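> I have a structure here, written as structure tokens, and I will follow up with some questions on it.
Virtual Cβ from ideal backbone geometry, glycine too; neighbours counted across all protein chains shown. Read-outs: derived from the displayed coordinates by stated rules, not from any lab.
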Amino acid sequence: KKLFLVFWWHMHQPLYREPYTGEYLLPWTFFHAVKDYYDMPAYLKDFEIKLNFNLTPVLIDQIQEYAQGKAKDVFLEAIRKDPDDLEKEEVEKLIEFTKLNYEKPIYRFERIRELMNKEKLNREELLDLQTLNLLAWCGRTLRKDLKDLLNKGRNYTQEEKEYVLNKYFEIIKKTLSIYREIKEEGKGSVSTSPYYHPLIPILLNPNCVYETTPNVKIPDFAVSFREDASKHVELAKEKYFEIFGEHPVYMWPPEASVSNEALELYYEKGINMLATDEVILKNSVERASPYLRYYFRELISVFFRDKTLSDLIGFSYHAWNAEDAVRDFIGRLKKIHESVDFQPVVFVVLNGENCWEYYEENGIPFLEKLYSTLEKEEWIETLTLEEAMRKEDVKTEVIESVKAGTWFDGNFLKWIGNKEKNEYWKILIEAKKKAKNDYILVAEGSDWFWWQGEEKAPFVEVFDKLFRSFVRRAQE
Ligand SMILES: OC[C@H]1O[C@H](O[C@H]2[C@H](O)[C@@H](O)[C@@H](O[C@H]3[C@H](O)[C@@H](O)[C@@H](O[C@H]4[C@H](O)[C@@H](O)[C@@H](O[C@H]5[C@H](O)[C@@H](O)[C@@H](O[C@H]6[C@H](O)[C@@H](O)[C@@H](O)O[C@@H]6CO)O[C@@H]5CO)O[C@@H]4CO)O[C@@H]3CO)O[C@@H]2CO)[C@H](O)[C@@H](O)[C@@H]1O
């Protein structure tokens with residue numbers, strides 16, 4: 001009797017490319033590409049387990065633009081330049097970026113503490129600030145290859161900085177290839193999401209928010225987003241086809257968000273399986289275990305992730321010693337294994353790139369121990385999404401209805417319902433009446449609503465500039 005374990009790592013960035021200037025206004029796609037988007041699948045080169053990935057189409061677009069040398073990234077330009085060429089504004093940006101990241105374990109360099117305690121930085125000190133910001137985001141592969149430069153920790157030259165930059169772009173250029181490789185070799189399945197990671201249930205029917213939060217105020221949805229919901233799904237199928245040669249049969253619904261209408265739309269667009277959150281299961285069915293394969297109306301297969309296990313990795317284990325965390329995780333799997341006489345399917349689904357910067361050494365000791373341990377446990381069999389979808393020796397159940405929600409408390413309050421987030425929906429509704437191009441789809445991404453009305457910390461103003469620029473461009 002085995003326990004079936006299914007990792008599904010979700011990779012996404014909203015579009016940071018300002019539509020009028022073409023400038024990438026935040027470097028987050030670059031930094032998570034060099035740190036996580038290649039290295040997370042690259043673990044499969046070293047560990048004989050299965051790991052699955054979701055790539056949003058808008059993230060794929062940006063990875064391609066960087067790989068082709070076409071991404072004009074303003075923060076990266078402040079890193080690349082000789083410090084003598086830095087604008088006062090770029091020095092300010094560098095210092096502000098360092099301050100935002102200063103307390104993260106991946107920024108634990110003594111030299112960074114020295115630099116941030118200095119009243120003024122000369123050219124050598126700025127070169128160190130630039131290069132250490134680069135190296136703080138070094139991924140697992142290059143932490144080995146560049147170990148000597150990493151251990152310097154100080155006294156970097158322009159040539160060394162440029163060497164690191166060149167190796168980083170090599171990683172970006174190999175990124176889509178590694179996803180093709182692990183897919184073709186059967187080491188993992190690759191899914192995608194509707195194109196710009198929107199909240200499909202809201203686009204189809206904004207009143208679905210009242211299934212969980214009856215008291216929420218929402219704006220007057222005087223325009224229909226139902227066709228746009230379809231377009232996000234259809235365009236994602238086309239992008240994922242361009243990159244892999246086939247249409248996707250698995251999708252990750254953004255924010256785990258489902259509703260009866262959304263599940264119908266995914267079924268109508270030929271999606272065979274998705275996953276969502278355990279809270280949605282608990283809200284939809286009186287008594288239901290998350291270790292079964294569910295069939296929604298016999299139309300589409302649904303797995304509900306183990307929320308506890310997913311949250312342990314995504315939010316808890318950064319605060320643990322790596323050995324203890326793996327012991328805890330394996331011990332929890334052992335209890336699931338012993339708690340049923342059938343073979344449970346355990347979905348661990350979370351963002352694949354955001355938690356590691358808070359782990360010691362970028363989560364590498366944790367993941368190397370986890371994967372090394374899992375590959376040796378005879379009673380655990382990790383599965384691709386395809387294997388999980390088709391496994392015969394599992395328990396299944398038909399469900400007829402779900403209560404609309406997301407993996408944030410089973411509801412939509414992170415994206416709608418307060419004055420500021422509702423203002424964004426009002427802006428989008430009015431812009432949709434006059435829309436002329438697909439930039440209206442960009443503006444439908446969940447990220448813009450996530451940051452709005454929170455507020456409040458460096459760069460939220462950048463997300464607001466992007467959202468409003470996309471809204472403006474959509475009407476031309
Ligand atoms: O000043 C605030 C903040 O600033 C910086 O953060 C910046 C960040 O470092 C940078 O990379 C970027 O963030 C990106 C991010 O990298 C992308 O992946 C993307 O994030 C979205 C993600 O793809 C989505 O799946 C979604 O994930 C969220 C959920 O929406 C949340 O509800 C929550 O979900 C969990 C939930 O809490 C739990 O109950 C659990 O059951 O499971 C859920 C999932 O595990 O968290 C996840 C992850 O955040 O939404 C994401 C946001 O839309 O796009 C991001 C940008 O839109 O930009 C950040 C701001 O500049 C700084 O580094 C931070 O340290 C600081 O905290």
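> What number of residues within segment 163-175 satisfy the criterion of being surrounded by 23 or more Cβ atoms within 10 Å (Cβ to Cβ) and either part of a loop (DSSP other than H, G, I, E, B) or in contact with a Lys or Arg (Cβ under 6 Å, 6 or more places away or on another chain) (or both)?
Going through segment 163-175 one residue at a time, the tally reaches 0.
> So, one more: Which condition number does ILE429 fail, the rest of (1) within 16 Å of the ligand (Cβ to nearest atom); (2) outside any loop (DSSP other than H, G, I, E, B); (3) closer than 30 Å to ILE440 by Cα being met?
(1)
> Could you please give the count of residues in segment 120-141 that are free of Cβ contacts under 8 Å to residues at least 40 places away in the same chain, buried (at least 19 other Cβ atoms within 10 Å of the Cβ) and of a type in the set (A, V, I, L, M, F, W, C)?
Summing the residues that are free of Cβ contacts under 8 Å to residues at least 40 places away in the same chain, buried (at least 19 other Cβ atoms within 10 Å of the Cβ) and of a type in the set (A, V, I, L, M, F, W, C) in segment 120-141 gives 4.
> Would you check which residues across segment 147-162 are of a type in the set (A, V, I, L, M, F, W, C) and surrounded by fewer than 18 Cβ atoms within 10 Å (Cβ to Cβ) and list them?
The one that is of a type in the set (A, V, I, L, M, F, W, C) and surrounded by fewer than 18 Cβ atoms within 10 Å (Cβ to Cβ): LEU150.
> If you take the residues of segment 314-367 that are more than 21 Å from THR384 (Cα to Cα) and not in a helix (DSSP H, G or I), which of them is farthest from the ligand (Cβ to nearest atom)?
My answer is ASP341.
> Here's a follow-up. Write out, first by first residue and then by second, each pair whose Cβ atoms fall under 7 Å of each other, whose residues are 6+ apart or on separate chains, and whose first residue, in segment 14-29, is more than 17 Å from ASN101 (Cα to Cα) and part of a strand (DSSP E or B) while the second is small (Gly, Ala, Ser) and within 16 Å of the ligand (Cβ to nearest atom).
Sorted first by the residue in segment 14-29, then by its partner, the pairs are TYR24/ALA71.
> Shifting gears a bit: Within segment 176-186, does at least one residue satisfy the condition of being crowded, with 19+ Cβ neighbours inside 10 Å, within 19 Å of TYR37 (Cβ to Cβ) and not aliphatic (A, V, I, L, M)?
yes
> For segment 448-463, what are the residues that are closer than 14 Å to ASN422 by Cα and in a helix (DSSP H, G or I)?
Hits for segment 448-463 are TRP448, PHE449, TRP450, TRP451.
Matching residues to (1) out of contact with any helix residue (DSSP H, G or I) (no Cβ under 7 Å at 6 or more places or on another chain); (2) charged (D, E, K, R):
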position	(1), (2)
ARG180	no, yes
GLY188	no, no
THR192	no, no
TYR195	no, no
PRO198	no, no
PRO201	no, no
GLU211	yes, yes
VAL216	no, no
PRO219	no, no
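> Select from segment 255-304 the residues that are in contact with a helix residue (DSSP H, G or I) (Cβ under 6 Å, 6 or more places away or on another chain), buried (at least 20 other Cβ atoms within 10 Å of the Cβ) and part of a loop (DSSP other than H, G, I, E, B) and list them in ascending order.
Listed by number, the residues that qualify are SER257, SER259, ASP277, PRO290.
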